[PDB]
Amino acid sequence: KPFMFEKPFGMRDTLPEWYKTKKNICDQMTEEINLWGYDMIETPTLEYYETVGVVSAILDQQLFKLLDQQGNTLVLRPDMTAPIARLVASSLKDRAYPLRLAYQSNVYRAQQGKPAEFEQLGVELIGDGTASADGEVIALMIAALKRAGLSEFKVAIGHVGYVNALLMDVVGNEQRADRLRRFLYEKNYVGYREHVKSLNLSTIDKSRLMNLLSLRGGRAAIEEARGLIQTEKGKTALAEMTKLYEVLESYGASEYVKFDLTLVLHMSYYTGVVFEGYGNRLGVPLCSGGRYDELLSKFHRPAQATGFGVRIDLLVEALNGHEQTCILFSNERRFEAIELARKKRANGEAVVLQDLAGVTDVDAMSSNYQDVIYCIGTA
């Protein structure tokens, strides 16, 4: 039997000071998000595993699974994108597109000391397939992060359509293509090069595959990328990339981004632009997003969709106490003190109204408050 103080593995408390810090950060971001016309929603803590859980971008082994009392397998929601897809296909079909939805919700991972619960904040833009839409979600993410106080960070932008078009044209085969994509997904670039060299391909085609690794940067990277693939799918992806970069320039967010066409966030979940953001002082992405045009179809309501999610705990970490007044009073002066407090609260000042008879150690307490007012004893 656990001691009274024990919490299940991966569970964490949020103490007062950390709560205020996190609340201010999130409030800044949701305020920005509302200015761009997104409406906040909520979904249930629990979803079915066999519907929502399996279509989530989170890998099966990372899902928090449980049995309910009737033997169904549920998940504590791994993400907000699939629940939102379910919500949209269910109760928002009468609402025409494009839909702009937002969330700030706890999500969950299988217990493993990595956190099994953490707050995630983000948006989904559904029913708009344009590059203007891809640009909008990235620019909003950038704007929200800045408004949160994160001044140094970098968003890397990849493209599933570009990668597929190049890989398929070179190796002509989905199995061969996935083998290559697997190295990119694991960020095993050395492994990728060696694998390319082992393939039954002309050296010219090997160079095309090798040159994918050099497609990092801005306008000059796009130009280099044009040289590797000129099929129709390649051209479409390339046009989307060109338009997106221009849109981001128009938003004034170009300096925060770079293309990296080696970026693979998932082996199959995303269908177009994908992106990941990092803070200057942690080799872990604190945010990510992308276009996922096949998800809504799975809920019987086909639509293009794109969005982003930000990990709040990682953001708070990448970024980085009683400003209250206490009125201490004796019983005989209760009204006097109640009126003092009422007055100051009416003025926006936080006030703890404290009966002297309810505190054992007065000094220990006066040191937990910015200022102390005494209404003690006899008037």
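Just count from 1 along the sequence shown to find any residue number.
Q.
Our gap detector needs a label for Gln112 to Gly113. Which class matches the unmodelled residues of the deposited sequence there: none, 1 to 3, 4 to 9, or 10 or more?
A. 1 to 3 residues lack coordinates between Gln112 and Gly113.
Q | Unresolved deposited residues in the interval that joins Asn331 and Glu332 | A | Unresolved stretch here: none.
(Q) Mean CA temperature factor from the deposited coordinates, higher in 85 to 93 or in 212 to 220? (A) Looking at the recorded C-alpha B-factors, 85 to 93 comes out higher on average.
Q) Going by the B-factors listed in the PDB entry, is the mean over the C-alpha atoms higher for 281 to 289 or for 68 to 76? A) On average, C-alpha B-factors are higher across 281 to 289.
Q) Highest CA temperature factor in the entry: which of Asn34, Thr45, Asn320, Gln62? A) Comparing C-alpha B-factors across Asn34, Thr45, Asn320, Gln62, the maximum falls on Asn320.
(Q) When the deposited Cα B-factors of this chain's modelled residues are ordered and cut into thirds, is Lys22 in the lowest, the middle or the highest one? (A) CA B-factor rank for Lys22: middle third.
Q) Sorting the chain's CA B-factors, does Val273 end up in the lowest, middle or highest third? A) It belongs to the middle third of the chain when residues are ordered by C-alpha B-factor.
Q: Please rank the C-alpha B-factors of the chain's modelled residues and tell me whether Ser254 sits in the lowest, middle or highest third.
A: Answer is middle: the recorded C-alpha B-factor places it there.
Q: Check where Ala346 lands among this chain's C-alpha B-factors and tell me if it's the lowest, middle or highest third.
A: According to the entry, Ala346 has a C-alpha B-factor in the chain's highest third.
(Q) Which third, lowest, middle or highest, does the C-alpha temperature factor of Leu145 belong to within its own chain? (A) Ranked within chain, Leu145 CA B lands in the lowest tercile.
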